[PDB]
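Presented below is the structure to which this report refers.
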Amino acid sequence: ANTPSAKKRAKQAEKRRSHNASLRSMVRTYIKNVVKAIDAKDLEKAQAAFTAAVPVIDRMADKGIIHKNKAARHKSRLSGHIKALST
Amino acid sequence: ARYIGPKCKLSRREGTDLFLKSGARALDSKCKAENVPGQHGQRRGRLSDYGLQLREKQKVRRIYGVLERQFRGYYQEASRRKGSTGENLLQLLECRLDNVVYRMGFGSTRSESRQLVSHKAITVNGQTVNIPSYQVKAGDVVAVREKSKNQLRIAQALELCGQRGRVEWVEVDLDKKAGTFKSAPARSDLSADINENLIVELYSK
Amino acid sequence: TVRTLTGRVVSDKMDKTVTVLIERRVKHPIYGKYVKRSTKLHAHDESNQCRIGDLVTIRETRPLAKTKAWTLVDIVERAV
Amino acid sequence: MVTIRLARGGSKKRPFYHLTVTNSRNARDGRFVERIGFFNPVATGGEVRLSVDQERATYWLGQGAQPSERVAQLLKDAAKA
RNA sequence: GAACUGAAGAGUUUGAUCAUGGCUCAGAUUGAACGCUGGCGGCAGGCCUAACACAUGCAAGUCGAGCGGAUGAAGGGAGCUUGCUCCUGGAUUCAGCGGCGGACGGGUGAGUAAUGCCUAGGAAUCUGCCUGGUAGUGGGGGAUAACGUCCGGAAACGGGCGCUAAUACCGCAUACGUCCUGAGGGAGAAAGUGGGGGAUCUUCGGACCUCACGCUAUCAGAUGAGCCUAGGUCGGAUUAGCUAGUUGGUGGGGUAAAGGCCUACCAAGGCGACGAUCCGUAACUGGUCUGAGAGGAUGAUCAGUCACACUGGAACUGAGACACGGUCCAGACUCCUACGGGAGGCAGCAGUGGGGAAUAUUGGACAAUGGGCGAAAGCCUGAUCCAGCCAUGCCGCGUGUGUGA
RNA sequence: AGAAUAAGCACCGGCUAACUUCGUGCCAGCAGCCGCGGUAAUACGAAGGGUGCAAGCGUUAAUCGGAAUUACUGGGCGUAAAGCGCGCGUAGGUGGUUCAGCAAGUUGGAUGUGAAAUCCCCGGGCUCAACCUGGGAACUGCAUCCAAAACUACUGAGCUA
Ligand SMILES: [Mg+2]
Ligand SMILES: [Mg+2]
Ligand SMILES: [Mg+2]
Ligand SMILES: [Mg+2]
Ligand SMILES: [Mg+2]
Ligand SMILES: [Mg+2]
Ligand SMILES: [Mg+2]
Ligand SMILES: [Mg+2]
Ligand SMILES: [Mg+2]
Ligand SMILES: [Mg+2]
Ligand SMILES: [Mg+2]
Ligand SMILES: [Mg+2]
Ligand SMILES: [Mg+2]
Ligand SMILES: [Mg+2]
Ligand SMILES: [Mg+2]
Ligand SMILES: [Mg+2]
Ligand SMILES: [Mg+2]
Ligand SMILES: [Mg+2]
Ligand SMILES: [Mg+2]
Ligand SMILES: [Mg+2]
Ligand SMILES: [Mg+2]
Ligand SMILES: [Mg+2]
Ligand SMILES: [Mg+2]
Ligand SMILES: [Mg+2]
Ligand SMILES: [Mg+2]
Ligand SMILES: [Mg+2]
Ligand SMILES: [Mg+2]
Ligand SMILES: [Mg+2]
Ligand SMILES: [Mg+2]
Ligand SMILES: [Mg+2]
Ligand SMILES: [Mg+2]
Ligand SMILES: [Mg+2]
Ligand SMILES: [Mg+2]
Ligand SMILES: [Mg+2]
Ligand SMILES: [Mg+2]
Ligand SMILES: [Mg+2]
Ligand SMILES: [Mg+2]
Ligand SMILES: [Mg+2]
Ligand SMILES: [Mg+2]
Ligand SMILES: [Mg+2]
Ligand SMILES: [Mg+2]
Ligand SMILES: [Mg+2]
Ligand SMILES: [Mg+2]
Ligand SMILES: [Mg+2]
Ligand SMILES: [Mg+2]
Ligand SMILES: [Mg+2]
Ligand SMILES: [Mg+2]
Ligand SMILES: [Mg+2]
Ligand SMILES: [Mg+2]
Ligand SMILES: [Mg+2]
Ligand SMILES: [Mg+2]
Ligand SMILES: [Mg+2]
Ligand SMILES: [Mg+2]
Ligand SMILES: [Mg+2]
Ligand SMILES: [Mg+2]
């Protein structure tokens, strides 16, 4: 780079990336656990995973890592799958 | 720009009135103004229609001392103006400042009137105008400088123009060296010999 | 007041879809004579009640698939 | 934001200004949405110094458009009249 | 009330004539060039070719009312003396963290014959700064840069150990608005700074009341952007067949949003002489030049949209980028080197080489209009405002005037 | 203070405004098209004299016009270029006459848009103009509705040329 503000923006960008990656991994981990819980054909563990996953999903949606429509879509679809499994 | 050269060789070539001198003695007994110039001068030289258009266009341009870019701009403006462009061209070309300060009686020749108007010696409402192309709106009191009212060239030009005719549409007060224009001249006012239609025939080709 | 479009069914070999031909007569820009042009559209037939030859009227909606954004509102004429 | 400012028409050393309602991320005389009047810094003769349209300006302010400093001064001076 | 009102022919085939028929001419215009010649002013315009390679100089910073640190004046006083130091204080300046801006403004027309442009529409979306309402801004923690110390290096600097600040970061406290969940219940945030002050607890340290800026959740308004449908958009048929994610459905995934956008199965569909596919060529429009008109040619200046940024790809940061002076990888070409490794991108403004028939100064200032930053002074601005060279264009004025046989 | 201090270029046979002489002698040369020149050249090269433009004047390259010479407005095919060697027939184009309906074409109107500038008309400013600028007009286009039914199309029922 040439202007020092470009350098500062760059380094703040790698810091922001190294931050955001961990939290994106965390949310993906929680939804993945939930999804493999439903796909394993068990209800109680699916209930527990959903209850333990919604708070982090919504906290992250508010935190600005992901967009809120995405979180709402995830919640609705997973709840629909579990309710379908309930029968 | 302007034309510099003999002022009666042109008259000899054209063979018509072509006012270009003070008119002190006469129009004839200076240059035998009936033959075209040069060695080949006695021949009448019957000329075609294009000759007619060229000859009268040169006639009008030389009598009013206007160049051809300016003249064609004048013609385009006349064509733009409504109501029989042929006389619109004459009416608009008459309202030039130098020709007005001539015809108001302040100058011996068109060239001398241009001499006076260019060197900032004439007013319109007191404001210095020195463009020998200014189109004078009707109503303006064209006058010479209060400083310049004592010059004898204006006096001699005025006494010479005292006997040249009356146009019967301007109102001129001569004591104070001032003019006044009320309304634009009509077609019948100007010399009804040269036709305007042949010019517009020339420029329509 | 939906903006409909009337047309003639041409082919319906794809499930829950129908092909409609719409005929217009456009004036030639210079020669002043009218020429009949045609347009082919795909419409969503939810209950595949449109056979070939029927004459129907469709309506514009959001895209249902790629190159399929019209839905038939009702059949107005059948076929022999 | 969307702001009201001056667009420089006219000729060299003879300015003229259009009071333009433009998005602030646009050129000086680029695209706009509406024009409310003009300001002439030469006046003279029958030329008017300034004129604006009051109702459209009130509408634009009621929709929250920030006027520039010179535009603000001229609009308040016009509102005085 | 006015918005137009306009159309010319000639020469040349013959010993001569009429007709047909081609060639040439008289007009208006160019970003024009060349030859001869040359006084001035005003307004405009100025690499059309090599999107060929580029020396140096300039073209994006700003905030101490966010934060530690260090520079710490003037001083109220003291010591010995007339100079310094020091207690308390303290006006200035900024390397670093942090907040905005850098996605605007500016340039070019390579690609692109349709995911572009123009006309008319519509439904499933997002949106910082701006405006109007509503509800709040409580309490904790773990670090780290700079700063010391050590190692390593030619440099950019890299690494080990110690400690610190916040409007940097993450839990915790509740939900007028919101999200999903069918009712049922559940889910999800905040940062404090500057100016004052009556009374109260108390070091009016602080708590408390007010104002200013600022922060959080949400509804609406504009502003900007994304997506879909119908019609139009160069020449060639001596280019007639093209397509297997291709056409439609179901389940799932994905995006802010509809959708074969992606995937697994189901059937064999879809487009085309109303010109599909392929080849060549080319940014599009308002508009410009001509013409009586209908048309014909065209896209110099100015304005709207699109695309690109040495060549080819990819993502991160954000409200918005696949990013014009940001990052990473690979390549070509120039350069430094201690041989380990590094640096560069004028299609930003002047400038040079080269190409060409041919297109200019390595100039000034923030004075004005805008832009970015800050509350305010104010800084930055080759955008902009002015200068320079050029008969390149349009317009205007001069080189005089009368008499003089 | 001083007329002081600042005119060139092309052309002159016809088309196209403007002529004589001298020098060569189908040589040298000119040229947009016809064409000039071989011993009086208004056409070559020079002189005088004129004609046309003018701080410019010519030349070249490019577009439209003239060209009704791609003819919708607005051409032709016996002999000048131009009727397939001749039938049958697909898509397409066209459709005798009456009654009735509908309203796509067709006609009139309303509404929204057709960005600004540029073009046109009337004003304002710089001594005028170039140039700048106010107001209006216009942008033949496109879309959505309302009304009419003569003609065409679509629907039904007839008639016989
Ligand atoms: Mg929380
Ligand atoms: Mg949030
Ligand atoms: Mg001139
Ligand atoms: Mg002969
Ligand atoms: Mg003949
Ligand atoms: Mg600093
Ligand atoms: Mg741009
Ligand atoms: Mg270029
Ligand atoms: Mg192609
Ligand atoms: Mg924070
Ligand atoms: Mg289309
Ligand atoms: Mg498949
Ligand atoms: Mg489906
Ligand atoms: Mg599917
Ligand atoms: Mg699509
Ligand atoms: Mg083709
Ligand atoms: Mg092109
Ligand atoms: Mg190209
Ligand atoms: Mg084109
Ligand atoms: Mg292009
Ligand atoms: Mg015209
Ligand atoms: Mg014509
Ligand atoms: Mg260009
Ligand atoms: Mg533009
Ligand atoms: Mg790009
Ligand atoms: Mg790229
Ligand atoms: Mg290059
Ligand atoms: Mg690169
Ligand atoms: Mg982001
Ligand atoms: Mg950038
Ligand atoms: Mg660069
Ligand atoms: Mg440059
Ligand atoms: Mg060069
Ligand atoms: Mg060269
Ligand atoms: Mg400013
Ligand atoms: Mg700087
Ligand atoms: Mg000049
Ligand atoms: Mg020249
Ligand atoms: Mg002649
Ligand atoms: Mg000659
Ligand atoms: Mg001789
Ligand atoms: Mg000769
Ligand atoms: Mg023609
Ligand atoms: Mg021609
Ligand atoms: Mg013929
Ligand atoms: Mg024959
Ligand atoms: Mg026959
Ligand atoms: Mg045949
Ligand atoms: Mg037949
Ligand atoms: Mg048939
Ligand atoms: Mg009939
Ligand atoms: Mg028929
Ligand atoms: Mg109509
Ligand atoms: Mg317009
Ligand atoms: Mg009716």
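Here, A, B, ... name the chains of the structure tokens in the order displayed, residue numbers run from 1 inside each chain, and ligands are numbered from 1 in the same displayed order.
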
Residues within 7 Å of region 42-49 of chain C, please, as a PyMOL selection string. Count only C-alpha atoms (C1' of nucleotides); anything in the same chain fewer than 4 positions from it doesn't count.
chain C and resi 16-20+68-72

Please, could you write that set of residues out with N, CA and C atoms as a PDB file, in the first residue's frame?
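This went into out.pdb:
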ATOM      1  N   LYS C  16     -47.316 -29.649 -15.131  1.00  0.00           N
ATOM      2  CA  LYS C  16     -47.763 -28.437 -14.440  1.00  0.00           C
ATOM      3  C   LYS C  16     -47.348 -27.164 -15.174  1.00  0.00           C
ATOM      4  N   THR C  17     -47.120 -27.266 -16.481  1.00  0.00           N
ATOM      5  CA  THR C  17     -46.781 -26.123 -17.314  1.00  0.00           C
ATOM      6  C   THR C  17     -47.546 -26.218 -18.626  1.00  0.00           C
ATOM      7  N   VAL C  18     -47.732 -25.068 -19.264  1.00  0.00           N
ATOM      8  CA  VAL C  18     -48.435 -24.993 -20.539  1.00  0.00           C
ATOM      9  C   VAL C  18     -47.785 -23.919 -21.402  1.00  0.00           C
ATOM     10  N   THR C  19     -47.653 -24.202 -22.694  1.00  0.00           N
ATOM     11  CA  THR C  19     -47.115 -23.251 -23.657  1.00  0.00           C
ATOM     12  C   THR C  19     -48.265 -22.547 -24.360  1.00  0.00           C
ATOM     13  N   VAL C  20     -48.222 -21.219 -24.386  1.00  0.00           N
ATOM     14  CA  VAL C  20     -49.287 -20.412 -24.967  1.00  0.00           C
ATOM     15  C   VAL C  20     -48.696 -19.514 -26.043  1.00  0.00           C
ATOM     16  N   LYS C  68     -40.364 -18.975 -16.588  1.00  0.00           N
ATOM     17  CA  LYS C  68     -41.768 -19.310 -16.357  1.00  0.00           C
ATOM     18  C   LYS C  68     -42.272 -18.375 -15.258  1.00  0.00           C
ATOM     19  N   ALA C  69     -42.991 -17.321 -15.662  1.00  0.00           N
ATOM     20  CA  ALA C  69     -43.435 -16.295 -14.725  1.00  0.00           C
ATOM     21  C   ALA C  69     -44.894 -15.900 -14.930  1.00  0.00           C
ATOM     22  N   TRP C  70     -45.693 -16.741 -15.579  1.00  0.00           N
ATOM     23  CA  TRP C  70     -47.100 -16.461 -15.818  1.00  0.00           C
ATOM     24  C   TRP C  70     -47.943 -17.614 -15.298  1.00  0.00           C
ATOM     25  N   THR C  71     -49.166 -17.298 -14.880  1.00  0.00           N
ATOM     26  CA  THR C  71     -50.092 -18.289 -14.345  1.00  0.00           C
ATOM     27  C   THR C  71     -51.446 -18.118 -15.013  1.00  0.00           C
ATOM     28  N   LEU C  72     -52.056 -19.222 -15.429  1.00  0.00           N
ATOM     29  CA  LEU C  72     -53.366 -19.141 -16.054  1.00  0.00           C
ATOM     30  C   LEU C  72     -54.428 -18.913 -14.988  1.00  0.00           C
TER      31      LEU C  72
END

List every residue of chain D that DSSP, applied to the backbone of this structure, places in helix (DSSP H, G or I), and write the result as a list in words.
residues 54, 55, 56, 57, 58, 59, 60, 61, 62, 69, 70, 71, 72, 73, 74, 75, 76, 77, 78, 79 and 80 of chain D

Contacts of ligand 54, 10 Å or closer, only C-alpha atoms (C1' of nucleotides) and all ligand atoms, given as a PyMOL selection string
(chain E and resi 286) or (chain F and resi 114-118+138-139)

Go ahead and save the residues from that selection, with N, CA and C atoms (P, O5', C5', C4', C3', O3' and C1' of nucleotides), as a PDB file, in the first residue's frame.
ATOM      1  P     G E 286     -31.793   8.385 -28.713  1.00  0.00           P
ATOM      2  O5'   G E 286     -31.732   9.631 -27.723  1.00  0.00           O
ATOM      3  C5'   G E 286     -32.774   9.868 -26.789  1.00  0.00           C
ATOM      4  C4'   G E 286     -32.434  10.981 -25.828  1.00  0.00           C
ATOM      5  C3'   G E 286     -32.242  12.363 -26.428  1.00  0.00           C
ATOM      6  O3'   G E 286     -33.464  13.021 -26.710  1.00  0.00           O
ATOM      7  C1'   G E 286     -30.515  11.927 -24.881  1.00  0.00           C
TER       8        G E 286
ATOM      9  P     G F 114     -40.728  11.529 -17.070  1.00  0.00           P
ATOM     10  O5'   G F 114     -40.569  11.306 -18.639  1.00  0.00           O
ATOM     11  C5'   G F 114     -39.873  10.183 -19.154  1.00  0.00           C
ATOM     12  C4'   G F 114     -39.961  10.117 -20.658  1.00  0.00           C
ATOM     13  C3'   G F 114     -39.402  11.312 -21.410  1.00  0.00           C
ATOM     14  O3'   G F 114     -37.993  11.278 -21.530  1.00  0.00           O
ATOM     15  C1'   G F 114     -41.508  10.737 -22.305  1.00  0.00           C
ATOM     16  P     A F 115     -37.136  12.612 -21.295  1.00  0.00           P
ATOM     17  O5'   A F 115     -36.716  12.539 -19.762  1.00  0.00           O
ATOM     18  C5'   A F 115     -37.612  12.925 -18.730  1.00  0.00           C
ATOM     19  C4'   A F 115     -36.866  13.563 -17.589  1.00  0.00           C
ATOM     20  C3'   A F 115     -36.127  14.844 -17.946  1.00  0.00           C
ATOM     21  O3'   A F 115     -36.962  15.984 -17.830  1.00  0.00           O
ATOM     22  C1'   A F 115     -34.650  13.358 -16.847  1.00  0.00           C
ATOM     23  P     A F 116     -36.912  17.164 -18.920  1.00  0.00           P
ATOM     24  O5'   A F 116     -35.572  17.945 -18.573  1.00  0.00           O
ATOM     25  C5'   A F 116     -35.406  18.562 -17.309  1.00  0.00           C
ATOM     26  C4'   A F 116     -33.966  18.923 -17.063  1.00  0.00           C
ATOM     27  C3'   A F 116     -33.294  19.737 -18.154  1.00  0.00           C
ATOM     28  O3'   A F 116     -33.599  21.117 -18.089  1.00  0.00           O
ATOM     29  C1'   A F 116     -31.890  17.950 -17.538  1.00  0.00           C
ATOM     30  P     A F 117     -34.049  21.904 -19.415  1.00  0.00           P
ATOM     31  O5'   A F 117     -32.711  22.022 -20.272  1.00  0.00           O
ATOM     32  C5'   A F 117     -31.605  22.776 -19.797  1.00  0.00           C
ATOM     33  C4'   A F 117     -30.310  22.323 -20.425  1.00  0.00           C
ATOM     34  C3'   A F 117     -30.165  22.564 -21.919  1.00  0.00           C
ATOM     35  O3'   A F 117     -29.785  23.891 -22.240  1.00  0.00           O
ATOM     36  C1'   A F 117     -29.536  20.351 -21.430  1.00  0.00           C
ATOM     37  P     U F 118     -30.499  24.653 -23.459  1.00  0.00           P
ATOM     38  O5'   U F 118     -30.114  23.789 -24.740  1.00  0.00           O
ATOM     39  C5'   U F 118     -28.785  23.766 -25.237  1.00  0.00           C
ATOM     40  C4'   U F 118     -28.650  22.820 -26.404  1.00  0.00           C
ATOM     41  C3'   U F 118     -29.519  23.127 -27.614  1.00  0.00           C
ATOM     42  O3'   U F 118     -28.968  24.121 -28.457  1.00  0.00           O
ATOM     43  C1'   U F 118     -29.711  20.840 -27.076  1.00  0.00           C
ATOM     44  P     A F 138     -47.259  22.065 -27.203  1.00  0.00           P
ATOM     45  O5'   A F 138     -46.076  21.244 -27.882  1.00  0.00           O
ATOM     46  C5'   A F 138     -45.816  21.360 -29.272  1.00  0.00           C
ATOM     47  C4'   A F 138     -44.441  20.854 -29.623  1.00  0.00           C
ATOM     48  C3'   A F 138     -44.153  19.404 -29.267  1.00  0.00           C
ATOM     49  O3'   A F 138     -44.664  18.490 -30.222  1.00  0.00           O
ATOM     50  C1'   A F 138     -42.361  20.762 -28.547  1.00  0.00           C
ATOM     51  P     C F 139     -45.195  17.048 -29.757  1.00  0.00           P
ATOM     52  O5'   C F 139     -43.867  16.251 -29.394  1.00  0.00           O
ATOM     53  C5'   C F 139     -42.845  16.060 -30.359  1.00  0.00           C
ATOM     54  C4'   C F 139     -41.589  15.507 -29.731  1.00  0.00           C
ATOM     55  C3'   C F 139     -41.736  14.177 -29.011  1.00  0.00           C
ATOM     56  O3'   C F 139     -41.687  13.078 -29.901  1.00  0.00           O
ATOM     57  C1'   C F 139     -40.510  15.686 -27.659  1.00  0.00           C
TER      58        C F 139
END

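If you take only C-alpha atoms (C1' of nucleotides) and a cut-off of 7 Å, the residues of chain F that reach chain B are residues 17, 49, 50, 127 and 128 of chain F.
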
At most 12 Å from ligand 49 (only C-alpha atoms (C1' of nucleotides) and all ligand atoms): residue list as a PyMOL selection string:
chain F and resi 87-90

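Taking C1' of residue 242 (chain E) and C1' of residue 277 (chain E) as endpoints, the distance between them is 5.1 Å.
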
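The contact shell of ligand 2, defined as all polymer residues within 7 Å when only C-alpha atoms (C1' of nucleotides) and all ligand atoms are used, comprises residues 62, 63 and 64 of chain A; 189 of chain E.
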
Write the selection just made, keeping C-alpha atoms (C1' of nucleotides), as a PDB file, in the first residue's frame?
ATOM      1  CA  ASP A  62     -27.887  -9.274  16.682  1.00  0.00           C
ATOM      2  CA  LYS A  63     -24.090  -9.050  16.972  1.00  0.00           C
ATOM      3  CA  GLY A  64     -23.825  -8.405  13.229  1.00  0.00           C
TER       4      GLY A  64
ATOM      5  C1'   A E 189     -28.874  -5.188  23.030  1.00  0.00           C
TER       6        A E 189
END

Spatial neighbours of residue 76 (chain A), max dist 12 Å, only C-alpha atoms (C1' of nucleotides), sep filter under 5 positions, as a PyMOL selection string:
(chain A and resi 50+54+69-71+81-83) or (chain E and resi 179-181)

Using the selection just defined, write its residues with C-alpha atoms (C1' of nucleotides) as a PDB file, in the first residue's frame.
ATOM      1  CA  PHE A  50     -32.404 -26.713  19.476  1.00  0.00           C
ATOM      2  CA  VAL A  54     -31.291 -20.754  19.401  1.00  0.00           C
ATOM      3  CA  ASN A  69     -33.209 -12.971   7.949  1.00  0.00           C
ATOM      4  CA  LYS A  70     -30.742 -15.865   7.753  1.00  0.00           C
ATOM      5  CA  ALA A  71     -31.123 -16.600  11.469  1.00  0.00           C
ATOM      6  CA  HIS A  81     -38.266 -30.321  10.814  1.00  0.00           C
ATOM      7  CA  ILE A  82     -38.471 -31.141  14.525  1.00  0.00           C
ATOM      8  CA  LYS A  83     -42.246 -30.698  14.590  1.00  0.00           C
TER       9      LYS A  83
ATOM     10  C1'   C E 179     -38.018 -13.168  15.800  1.00  0.00           C
ATOM     11  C1'   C E 180     -39.409 -17.467  15.405  1.00  0.00           C
ATOM     12  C1'   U E 181     -42.701 -20.699  17.760  1.00  0.00           C
TER      13        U E 181
END

Nearby residues (only C-alpha atoms (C1' of nucleotides)) at most 7 Å from region 43-55 of chain E, same-chain spacing under 5 positions excluded, as a PyMOL selection string:
(chain E and resi 31+110+347+355-356+359) or (chain F and resi 130-131)

Dump N, CA and C atoms (P, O5', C5', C4', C3', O3' and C1' of nucleotides) for the selected residues as a PDB file, in the first residue's frame?
ATOM      1  P     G E  31     -16.145  16.981 -35.373  1.00  0.00           P
ATOM      2  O5'   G E  31     -14.845  17.468 -34.594  1.00  0.00           O
ATOM      3  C5'   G E  31     -14.895  18.555 -33.674  1.00  0.00           C
ATOM      4  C4'   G E  31     -13.558  18.780 -33.011  1.00  0.00           C
ATOM      5  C3'   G E  31     -12.387  18.957 -33.971  1.00  0.00           C
ATOM      6  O3'   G E  31     -11.428  19.845 -33.404  1.00  0.00           O
ATOM      7  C1'   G E  31     -12.042  17.019 -32.648  1.00  0.00           C
ATOM      8  P     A E 110     -12.525   0.049 -27.740  1.00  0.00           P
ATOM      9  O5'   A E 110     -11.369  -0.572 -26.840  1.00  0.00           O
ATOM     10  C5'   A E 110     -10.384  -1.429 -27.396  1.00  0.00           C
ATOM     11  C4'   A E 110     -10.129  -2.612 -26.498  1.00  0.00           C
ATOM     12  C3'   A E 110     -11.216  -3.673 -26.486  1.00  0.00           C
ATOM     13  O3'   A E 110     -11.115  -4.583 -27.567  1.00  0.00           O
ATOM     14  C1'   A E 110     -10.667  -3.107 -24.270  1.00  0.00           C
ATOM     15  P     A E 347      -2.006   5.434 -19.200  1.00  0.00           P
ATOM     16  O5'   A E 347      -3.519   5.334 -19.685  1.00  0.00           O
ATOM     17  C5'   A E 347      -4.374   6.465 -19.652  1.00  0.00           C
ATOM     18  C4'   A E 347      -5.760   6.088 -19.199  1.00  0.00           C
ATOM     19  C3'   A E 347      -5.864   5.540 -17.786  1.00  0.00           C
ATOM     20  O3'   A E 347      -5.939   6.574 -16.824  1.00  0.00           O
ATOM     21  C1'   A E 347      -7.052   4.135 -19.271  1.00  0.00           C
ATOM     22  P     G E 355       8.756   5.274 -34.510  1.00  0.00           P
ATOM     23  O5'   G E 355       7.173   5.113 -34.518  1.00  0.00           O
ATOM     24  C5'   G E 355       6.569   3.831 -34.582  1.00  0.00           C
ATOM     25  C4'   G E 355       5.071   3.936 -34.705  1.00  0.00           C
ATOM     26  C3'   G E 355       4.568   4.979 -35.684  1.00  0.00           C
ATOM     27  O3'   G E 355       4.609   4.533 -37.027  1.00  0.00           O
ATOM     28  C1'   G E 355       3.366   5.159 -33.661  1.00  0.00           C
ATOM     29  P     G E 356       5.173   5.499 -38.178  1.00  0.00           P
ATOM     30  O5'   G E 356       3.943   6.453 -38.504  1.00  0.00           O
ATOM     31  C5'   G E 356       2.630   5.931 -38.630  1.00  0.00           C
ATOM     32  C4'   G E 356       1.588   6.970 -38.305  1.00  0.00           C
ATOM     33  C3'   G E 356       1.718   8.299 -39.025  1.00  0.00           C
ATOM     34  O3'   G E 356       1.296   8.272 -40.373  1.00  0.00           O
ATOM     35  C1'   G E 356       1.310   8.701 -36.750  1.00  0.00           C
ATOM     36  P     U E 359       1.512  16.600 -33.350  1.00  0.00           P
ATOM     37  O5'   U E 359       0.333  16.906 -32.326  1.00  0.00           O
ATOM     38  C5'   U E 359      -0.138  18.232 -32.149  1.00  0.00           C
ATOM     39  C4'   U E 359      -1.365  18.287 -31.274  1.00  0.00           C
ATOM     40  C3'   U E 359      -1.319  17.487 -29.983  1.00  0.00           C
ATOM     41  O3'   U E 359      -0.643  18.197 -28.958  1.00  0.00           O
ATOM     42  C1'   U E 359      -3.455  17.286 -31.045  1.00  0.00           C
TER      43        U E 359
ATOM     44  P     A F 130     -25.722  35.761 -31.035  1.00  0.00           P
ATOM     45  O5'   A F 130     -24.318  35.019 -30.910  1.00  0.00           O
ATOM     46  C5'   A F 130     -23.682  34.473 -32.057  1.00  0.00           C
ATOM     47  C4'   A F 130     -22.249  34.092 -31.779  1.00  0.00           C
ATOM     48  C3'   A F 130     -22.015  33.139 -30.618  1.00  0.00           C
ATOM     49  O3'   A F 130     -22.271  31.786 -30.939  1.00  0.00           O
ATOM     50  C1'   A F 130     -20.498  34.929 -30.465  1.00  0.00           C
ATOM     51  P     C F 131     -23.185  30.888 -29.971  1.00  0.00           P
ATOM     52  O5'   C F 131     -22.756  31.333 -28.503  1.00  0.00           O
ATOM     53  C5'   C F 131     -21.661  30.716 -27.840  1.00  0.00           C
ATOM     54  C4'   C F 131     -21.417  31.325 -26.481  1.00  0.00           C
ATOM     55  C3'   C F 131     -22.525  31.145 -25.454  1.00  0.00           C
ATOM     56  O3'   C F 131     -22.499  29.878 -24.821  1.00  0.00           O
ATOM     57  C1'   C F 131     -21.835  33.402 -25.472  1.00  0.00           C
TER      58        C F 131
END

Please identify all protein, DNA and RNA residues within 9 Å of ligand 52, counting only C-alpha atoms (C1' of nucleotides) and all ligand atoms, and report them as a PyMOL selection string.
chain F and resi 93-95+153

Restricting the output to N, CA, C and O atoms (P, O5', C5', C4', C3', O3' and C1' of nucleotides), write the selected residues as a PDB file, in the first residue's frame.
ATOM      1  P     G F  93     -50.719 -14.004 -43.506  1.00  0.00           P
ATOM      2  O5'   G F  93     -50.866 -13.254 -44.900  1.00  0.00           O
ATOM      3  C5'   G F  93     -49.974 -12.215 -45.271  1.00  0.00           C
ATOM      4  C4'   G F  93     -50.280 -11.689 -46.650  1.00  0.00           C
ATOM      5  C3'   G F  93     -51.734 -11.348 -46.920  1.00  0.00           C
ATOM      6  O3'   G F  93     -52.109 -10.086 -46.403  1.00  0.00           O
ATOM      7  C1'   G F  93     -50.887 -12.618 -48.715  1.00  0.00           C
ATOM      8  P     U F  94     -53.575  -9.867 -45.787  1.00  0.00           P
ATOM      9  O5'   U F  94     -54.541  -9.983 -47.046  1.00  0.00           O
ATOM     10  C5'   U F  94     -54.471  -9.035 -48.098  1.00  0.00           C
ATOM     11  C4'   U F  94     -55.249  -9.474 -49.312  1.00  0.00           C
ATOM     12  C3'   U F  94     -56.720  -9.777 -49.115  1.00  0.00           C
ATOM     13  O3'   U F  94     -57.537  -8.631 -48.969  1.00  0.00           O
ATOM     14  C1'   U F  94     -55.766 -11.442 -50.468  1.00  0.00           C
ATOM     15  P     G F  95     -58.887  -8.724 -48.102  1.00  0.00           P
ATOM     16  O5'   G F  95     -59.822  -9.705 -48.936  1.00  0.00           O
ATOM     17  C5'   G F  95     -60.262  -9.367 -50.247  1.00  0.00           C
ATOM     18  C4'   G F  95     -61.271 -10.355 -50.774  1.00  0.00           C
ATOM     19  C3'   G F  95     -62.617 -10.350 -50.048  1.00  0.00           C
ATOM     20  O3'   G F  95     -63.679 -10.597 -50.967  1.00  0.00           O
ATOM     21  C1'   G F  95     -61.667 -12.503 -49.936  1.00  0.00           C
ATOM     22  P     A F 153     -62.574  -9.278 -43.355  1.00  0.00           P
ATOM     23  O5'   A F 153     -61.953  -9.715 -41.954  1.00  0.00           O
ATOM     24  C5'   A F 153     -60.575 -10.038 -41.834  1.00  0.00           C
ATOM     25  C4'   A F 153     -60.127 -10.086 -40.392  1.00  0.00           C
ATOM     26  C3'   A F 153     -60.808 -11.117 -39.505  1.00  0.00           C
ATOM     27  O3'   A F 153     -60.273 -12.421 -39.659  1.00  0.00           O
ATOM     28  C1'   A F 153     -60.729  -9.042 -38.381  1.00  0.00           C
TER      29        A F 153
END
